[PDB]
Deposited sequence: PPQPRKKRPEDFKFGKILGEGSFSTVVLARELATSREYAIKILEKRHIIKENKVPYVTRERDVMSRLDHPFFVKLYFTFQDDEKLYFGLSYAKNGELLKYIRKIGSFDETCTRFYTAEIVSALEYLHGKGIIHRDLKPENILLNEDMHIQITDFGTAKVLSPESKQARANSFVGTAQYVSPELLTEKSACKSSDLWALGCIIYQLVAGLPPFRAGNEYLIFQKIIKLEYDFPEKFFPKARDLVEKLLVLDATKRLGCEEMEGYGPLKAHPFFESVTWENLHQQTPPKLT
């Protein structure tokens, strides 16, 4: 079926740089014909080819095109000129979830519960499509103008077919033990990251911290971390059921019978899971 004409650089008025990565730069752009604002990720083809990143850029596009859920950054269009590729993405006006963690120090119980629930809901959708994020972190969980989450950064995701993996290792503080021991990744690897994120929301800092990566990995494989006295009891119990060395024993994984038991955890008692994105997010402190 016919689709709109392929867009081009001239159709936009580019503005400020929203972010810079190793193989891309995201720029805020206003489409002239509609006045719509998009976050356009620009990637130089030559650099991508030189560093053998074609599989990653291709995967990012393919995975995003398959996602159709309110808690994920949307890919509206793509186009390219002689030197660059352009991905038209939804513009998450409020930035990274990490920004708010730093801004207010830590989230109260109500805000922790709400945002954790949205992340859990997003992961259920993602995992339901046999996709592993592999680099889930506050930096990758953006916030739209209404303060609902919008997860992004899928170039390093893993699309399951069988849960084999290997090759990529996400941000050190959120790396699961299986990636360091067996060099493998599965859906449960994301649940481990979830556990670190919940801990970070409540404590204000991720569970495993150290002077360098080697030391962080060392703490991870030994499950070396502890909870501060204040930590919300039910949240602590949940984290303990997520930060489990054995990937088959993490609440939410297939061997633990899926998302049902996870969403039924006491910490989420007052959560209505059916329409989170229609709910008004609690105000951050």
| property | result |
| --- | --- |
| Regions left out of the model, expressed as runs of the deposited sequence counted from 1 | 163-166 |
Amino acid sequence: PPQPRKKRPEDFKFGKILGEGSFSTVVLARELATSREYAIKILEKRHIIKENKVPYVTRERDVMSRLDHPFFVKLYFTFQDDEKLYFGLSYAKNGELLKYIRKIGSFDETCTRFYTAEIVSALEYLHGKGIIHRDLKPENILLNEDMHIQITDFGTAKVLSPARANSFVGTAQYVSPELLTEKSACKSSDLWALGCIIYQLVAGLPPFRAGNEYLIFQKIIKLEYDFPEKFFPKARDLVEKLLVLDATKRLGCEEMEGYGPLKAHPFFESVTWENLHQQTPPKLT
From here on, numbers count along this sequence of modelled residues.
item	value
Flanks modelled, residue 211 absent in at least a third of other entries	no
At least a third of the other entries leave residue 164 unmodelled	yes
Between the two ranges 116-124 and 185-193, the one averaging a larger CA B factor in the entry	185-193
Stretch with the greater mean C-alpha B-factor as recorded in the entry, comparing 145-153 against 164-172	164-172
Highest-ranked of 261, 15, 266, 21 once sorted by CA temperature factor in the record	21
Selection by C-alpha B-factor (highest) of 198, 131, 75, 104	104
Relative C-alpha B-factor of residue 25, binned into the chain's lowest, middle or highest third	lowest
Residue 135 by Cα B-factor - lowest, middle or highest third of the modelled chain	lowest
Residue 211 CA temperature factor, ranked by third within the chain	highest
Ranked against its chain, the third holding the CA B-factor of residue 69	lowest
Lowest, middle or highest third - CA B-factor, residue 91	middle
